[PDB]
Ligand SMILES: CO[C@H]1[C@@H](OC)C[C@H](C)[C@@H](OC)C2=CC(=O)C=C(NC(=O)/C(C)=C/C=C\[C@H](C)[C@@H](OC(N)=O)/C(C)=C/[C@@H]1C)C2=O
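Just one chain follows, in the form deposited without the named molecule, and it is written as structure tokens.
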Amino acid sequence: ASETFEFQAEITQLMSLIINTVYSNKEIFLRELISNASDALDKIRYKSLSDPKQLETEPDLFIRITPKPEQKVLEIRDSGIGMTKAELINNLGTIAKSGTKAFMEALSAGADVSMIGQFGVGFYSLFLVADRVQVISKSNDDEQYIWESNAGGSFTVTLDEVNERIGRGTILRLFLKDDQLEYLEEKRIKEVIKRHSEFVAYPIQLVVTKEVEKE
């Protein structure tokens, strides 16, 4: 089953600005998504203190970044609290309304795009380097769903019947723009992660496939 909903106006407006902005420091997108992942892990960590059984679906708390060159895709995974179908819709398509409107207002007044996280809508910074995104989430309270959007004013939510089933958490599958493929490179990804992830209290794993070279 697949359902389509429309973003609140202000969210669609910010996604348009961001997906076409010229900004010269797009690497900030990773810092924002790592921050959100850290937040999602904290939520499950907290909940598990009194409800340890909640971790059993996925015992390990981590953030995993997996570049997928063949598909020009970059996946940012966390074993956080995840999102139910209802949460994906609300959290990503509606509740950010006032944040994106305030941020849009700040940008017009001259603020730098890097301030996005300060307005709680850092999530949309992904469109700085991707023209499409699939958010695959598995919450202990629901089935695995796929939320998708190419910044067209609307988004769809589909019961996951194609992706690998995860124990618990969220995956942000970024379909990178053709001129932003540097973010598939281990070296570049590494440099960006180390630049702002000192605070992160969970392991940040990088999954890379490399053909054994030589001396």
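Numbers follow the displayed sequence, beginning with 1. Residues that one form lacks are left out of the comparison. Here the rigid core means the biggest group of C-alpha atoms that line up within 1.5 Å when the two forms are laid on top of each other.
A.B. asks: Going by the B-factors listed in the PDB entry, is the mean over the C-alpha atoms higher for 88-96 or for 70-78?
C.D. replies: Comparing 88-96 with 70-78, the higher mean C-alpha B-factor belongs to 70-78.
A.B. asks: Looking only at CA atoms, which has the higher mean B factor in the entry: 44-52 or 61-69?
C.D. replies: The stretch with the larger mean CA B-factor is 44-52.
A.B. asks: Highest CA temperature factor in the entry: which of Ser125, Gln134, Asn140, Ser137?
C.D. replies: Largest recorded C-alpha B-factor: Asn140.
A.B. asks: What's the residue among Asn163, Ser35, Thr156, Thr170 with the greatest CA temperature factor in the PDB record?
C.D. replies: Out of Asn163, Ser35, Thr156, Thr170, the record gives the largest C-alpha B-factor to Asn163.
A.B. asks: Taking only the Cα B-factors deposited for this chain, tell me whether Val22 sits in the lowest, middle or highest third.
C.D. replies: Its C-alpha B-factor belongs to the highest third of this chain's values.
A.B. asks: Hey, what third does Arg31 fall into on Cα B-factor, ranked over its chain?
C.D. replies: Lowest third of the chain for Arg31's C-alpha B-factor.
A.B. asks: Compare the C-alpha B factor of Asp39 with those of the other modelled residues in its chain, then answer lowest, middle or highest third.
C.D. replies: For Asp39, whose C-alpha B-factor we compare with every modelled residue in the chain, the answer is the lowest third.
A.B. asks: Based on the deposited C-alpha B factors for this chain, I'd like to know if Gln8 is in the lowest, middle or highest third.
C.D. replies: It belongs to the lowest third of the chain when residues are ordered by C-alpha B-factor.
A.B. asks: Quick check for you: using the entry's CA B-factors within this chain, is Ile189 in the lowest, middle or highest third?
C.D. replies: Middle third of the chain for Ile189's C-alpha B-factor.
From this point on, the text means the form solved in complex with the named molecule, which you will not see here.
A.B. asks: Among 158-166, 186-194, 53-61, 40-48, mark the stretch whose residues have heavy atoms within 4.5 Å of the named molecule in the deposited complex.
C.D. replies: It is the stretch 40-48.
A.B. asks: Can you tell me whether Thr66 touches the named molecule? I mean in the deposited complex, with a 4.5 angstroms heavy atom cut-off.
C.D. replies: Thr66 lies outside the contact set for the named molecule.
A.B. asks: Flag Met83 as yes or no: does it have a non-hydrogen atom within 4.5 angstroms of any non-hydrogen atom of the named molecule in the deposited complex?
C.D. replies: Yes, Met83 lies within 4.5 Å of the named molecule in the deposited complex.
A.B. asks: Looking at the partner-bound form in the deposited complex, is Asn36 within 4.5 Å of the named molecule by any heavy atom?
C.D. replies: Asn36: contacts the named molecule in the deposited complex.
A.B. asks: Tell me, yes or no, whether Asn91 is in contact with the named molecule in the deposited complex, where a contact means a heavy atom of each within 4.5 Å.
C.D. replies: Taking the distances in the deposited complex, the answer for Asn91 is yes, it comes within 4.5 Å of the named molecule.
A.B. asks: Of 132-167, which residues get within 4.5 Å of the named molecule in the deposited complex if you count heavy atoms?
C.D. replies: Read in sequence order, no residue approaches the named molecule (within 4.5 Å, in the deposited complex).
A.B. asks: Please name the one residue from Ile81, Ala96, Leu74, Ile116 with a C-alpha displacement of 2 Å or more between this form and the one not shown, using the rigid core for the superposition.
C.D. replies: Looking at each option in turn, only one qualifies, and it is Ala96.
A.B. asks: For residues common to both forms, which consecutive runs of 3 or more show C-alpha displacement of 2 Å or more between this form and the one not shown upon rigid core superposition, listed in sequence order?
C.D. replies: Residues 94-98 form the sole shifted run.
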